[PDB]
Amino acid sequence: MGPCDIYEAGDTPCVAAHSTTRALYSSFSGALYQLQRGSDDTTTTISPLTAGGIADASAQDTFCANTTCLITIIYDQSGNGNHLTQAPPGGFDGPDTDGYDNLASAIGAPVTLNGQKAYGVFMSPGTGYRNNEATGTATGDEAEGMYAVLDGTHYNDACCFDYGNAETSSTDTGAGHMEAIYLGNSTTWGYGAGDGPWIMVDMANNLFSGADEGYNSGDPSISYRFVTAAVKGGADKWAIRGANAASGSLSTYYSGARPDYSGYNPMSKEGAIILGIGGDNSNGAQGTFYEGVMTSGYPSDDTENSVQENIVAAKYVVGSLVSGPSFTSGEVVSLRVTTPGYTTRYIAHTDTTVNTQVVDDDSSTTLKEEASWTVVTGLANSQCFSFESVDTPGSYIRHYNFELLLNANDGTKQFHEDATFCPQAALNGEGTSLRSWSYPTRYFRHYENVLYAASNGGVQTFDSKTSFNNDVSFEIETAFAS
């Protein structure tokens, strides 16, 4: 039995079921999600290896070979057709074309379910999926239950990383017009004990960590690499239950009556489905979606313990983020451009500007240093790396407004995440392709001799698809700074 089988057995069936990693029903064998490579814009679907099995990753790898990929659709295994597509603009606009949010990369969250490779949905700020016209999802004050397996170590405080019930107009229509899971350390509304993140319930104009608006000590900081967030709501009653999806039971952080404030009882849920964003399209949050569902009816604590147990069984385990050459901490390297007509330039810098210059043995000591980088363990992820200036120690290469700059490490989380880059076998085949970690859709890329955290096609002029593969492939060579 898969999650939704258990939910069916409990008389609280799924009305929406999403996951890019595995089937949620034992008998499901259809398409899980859809891909689309930047090479030719053509698509393809990835399904389970076998009925109710894990996703056929190799197929995604085959399809995305020597190019970039995005997840265009996360199908609803339930049959209701509540697939999740690119989120539209609402109370806020997305960073993508005409106000849309960004589709996520297909390789930003590689994992293995019981030894089998699969891909999660790594969402950077500005990314979001939605379905404003679902079927079967609770509305009005109707009871419902939901859950999700997220990455307890990927998130922020910006509004809002959700997965649940939202408004069908993509606008904030007031309190009680939402019921979605939330995971982050935002404190603009509710919040819990510790530094976070916290599993909270977005009920519109308020993320709730418990009964009282604002602070609630009953909701603890939950930060496992694989978190199971279970949330349910009914007639003047709801609850927050969390657990290490990798192992163990669900714990109850909240159980009781609706927060005692106008508009929260009875509820006024509209029935749309959102992911990685807020009900009015707030898109400043980040997270990782592995699998999750919504249901009709208030699930019994028992029913949920079964789902959790099944999850633990799925055996989630972080997957390799690196491919290609790769480096070793403490290694001093020099990165050479492979694009035809620029093959004698190296990634260097002029103060905080990271660019490409012509460096050779006649070059000054200063430039050989500005063109030499010390590779240290990824500031935000030990699997990957961060690049430190040889000439300017204490500073690393980080993206800002998507421009590679040379700033000093200020010890913060932001800096850490903006300075982490993961090695991938060069798209053109020559060397490595340095993929951002916090923005898996972006790679080190030179555009008119200046470095950017560019995507294969986008809203920035430097996101150009023209010469992309070459502009993101670099050869690792001996550091000029010896």
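Numbers for residues come from their place in the sequence shown, where the first is 1.
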Given 225-233 and 352-360, the range whose Cα B-factors average higher in the PDB entry: 352-360
Comparing 134-142 with 96-104, the one whose average Cα B-factor in the PDB entry is higher: 96-104
Top Cα B factor in the deposited entry, candidates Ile199, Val375, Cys159, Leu405: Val375
From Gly411, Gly184, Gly278, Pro325, residue of greatest CA B-factor: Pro325
CA B-factor placement of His177, once the chain's modelled residues are sorted into thirds: lowest
Ranked C-alpha temperature factor of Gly30 among modelled chain residues, by third: lowest
Cα B factor band for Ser296 (lowest, middle or highest third within the chain): middle
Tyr191 by Cα B-factor - lowest, middle or highest third of the modelled chain: middle
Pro423 - Cα temperature factor, lowest/middle/highest third of chain: middle
